[PDB]
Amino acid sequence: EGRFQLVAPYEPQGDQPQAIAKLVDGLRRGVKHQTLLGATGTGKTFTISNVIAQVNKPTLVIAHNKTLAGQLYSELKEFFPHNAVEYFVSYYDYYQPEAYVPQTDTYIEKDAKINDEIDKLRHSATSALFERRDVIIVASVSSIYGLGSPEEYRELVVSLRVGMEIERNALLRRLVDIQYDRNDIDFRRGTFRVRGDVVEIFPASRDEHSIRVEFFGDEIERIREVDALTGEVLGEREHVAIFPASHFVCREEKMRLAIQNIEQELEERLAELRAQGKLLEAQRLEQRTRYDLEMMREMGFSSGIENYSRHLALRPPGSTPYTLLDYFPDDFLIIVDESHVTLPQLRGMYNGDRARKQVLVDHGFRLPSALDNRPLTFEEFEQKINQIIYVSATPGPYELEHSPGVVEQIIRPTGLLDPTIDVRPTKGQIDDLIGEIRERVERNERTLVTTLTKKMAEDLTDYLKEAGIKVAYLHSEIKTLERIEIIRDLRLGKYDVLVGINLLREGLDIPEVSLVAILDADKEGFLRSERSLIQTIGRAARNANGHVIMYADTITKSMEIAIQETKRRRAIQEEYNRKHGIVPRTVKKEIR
């Protein structure tokens, strides 16, 4: 039980308050699917926060990337400073999955490294849902990939209360059983130790805050929070729950039967493959499957154990995997940030995973039961939904098709206007641009350019430097850390222009940008779709002199729709401005 406490220095404004009211009505009435159509710069997060606070439900927000995810997490940390705002993503620094490519007859070995901090946050995410109700989890599609059952997860928690009767070494056993390691020398998270009559435990969800449990004989006299760094106390606890240090827990009891069932599966497919004269394939499967089974009878954990998931959980074949979704209560809520991308990405996750595994199975690398170790299908994602709100400036088909209408939110609280749009011929285009950029330089304004290919962006960048202009390029070859710099440098003014391809769109706040130039606008394709064009136009929406130049010789079906949608925004906006008598001011935003 709990209660969201929204904290903000502003009240809802513009299209916000009607949007808030409509979405909340929808939710109370029981509408499953809804769509917030929020123009860029209208403050959708904040709209959404109001909605969360009014309906008071643990909510999951799915983002399509870790940058955005990061930001939402940070934004919502500030809006809900007394509540459990949490983070859930892949915790792998690098990961390469097991795979076989028939076209090259190449097998690739699994390779992976784990980030400790994300692992921690994931444990802080799952535990949080069992302790309290005022929870928001900002997640990637990592939330449709498999976890161990949450009912098993909950039941293995070690409860610890003042007055409890409990033997010390039993507690130690139990901590061990739930994947805590003893460590006296190096007391980091996922560990415990003893110092006399006190047992120190470092929850799997914590970085800088240990639990210090003081014992009498078999009685816990007191329980205290402790700074990992310093060592001082930081609170007196009556009780505290220690959750497992892993989301999967194998238990010896049932591991035995699991092995029989695997060995039985092995025989049957080996036979099946020989019967078909796939003799090398059976040789493979035999060789590895037995090696893995060896390590499950000597040790507990074998390499790629996850392939034997469904067997080790003793569940029937074709079984749906438990995921984070199941860790929420039944009446939870889901927000889907940038739904037009996140949902396709979501749909796609299973397809890649299944394509990959079907091959490994076909060519004798893994058993058919490997395929039951998977993310959710989109169809299963749908059934797990309780209610949901797709947020996006350019909602895709699925959203529109499943939502009553849209809740629209085009009026920005700062009173800013969707930019004006010129269309110009490709003849002499880059000279046109160079001049047009120089004008912007003179008024301390910045310019974004998009092109269709990485090399065109680099060439253009080199020919821009050539003309005296200060510029850098920006595409996927550049590492995420360096990007933040590049952009920081643009805002600062080290650069006056930035040339990109497809990273100059959703999520990008730069109010120093007064101009956005979309080259080859007529070249139809994913870089110049209805939606892509609209999203790139938005980059100029955070400036009073915001302007967009599409360089083309024709006007495609997409440009048609973009010019109209924008035009329409600019009118409704300018109307509301003329009523309230507002003079648009460019977004004052701190750059460091």
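Just count from 1 along the sequence shown to find any residue number.
J.: Between 294 to 302 and 419 to 427, which has the larger average Cα B-factor in the PDB entry?
T.: Averaged over C-alpha atoms, the B-factors run higher in 294 to 302.
J.: Averaging CA B factors per stretch from the PDB record, which one is higher: 22 to 30 or 62 to 70?
T.: Taking the mean C-alpha B-factor of 22 to 30 and of 62 to 70, the larger value falls to 22 to 30.
J.: Going by the CA temperature factor in the entry, name the top one among 148, 364, 375, 102.
T.: It is 102.
J.: Given 53, 36, 544, 534, identify the residue with the highest C-alpha B factor in the PDB entry.
T.: Across 53, 36, 544, 534, the entry lists the biggest C-alpha B-factor for 544.
J.: Ranking every modelled residue in this chain by its Cα temperature factor as given in the entry, which third contains residue 17?
T.: Answer is lowest: the recorded C-alpha B-factor places it there.
J.: Classify residue 236 as lowest, middle or highest third according to the C-alpha B-factor given in the PDB entry, relative to its own chain.
T.: According to the entry, residue 236 has a C-alpha B-factor in the chain's highest third.
J.: Could you place residue 564 in the lowest, middle or highest third of its chain by Cα temperature factor, using the values in the record?
T.: For residue 564, the deposited C-alpha B-factor lands in the highest third.
J.: Quick one: classify residue 187 as lowest, middle or highest third of the chain based on its Cα B-factor.
T.: Top third by C-alpha B-factor.
J.: State the tercile, meaning the lowest, middle or highest third, of residue 402 with respect to the CA B-factors recorded for its chain.
T.: Its C-alpha B-factor, which the entry lists for residue 402, ranks in the middle third among residues of this chain.
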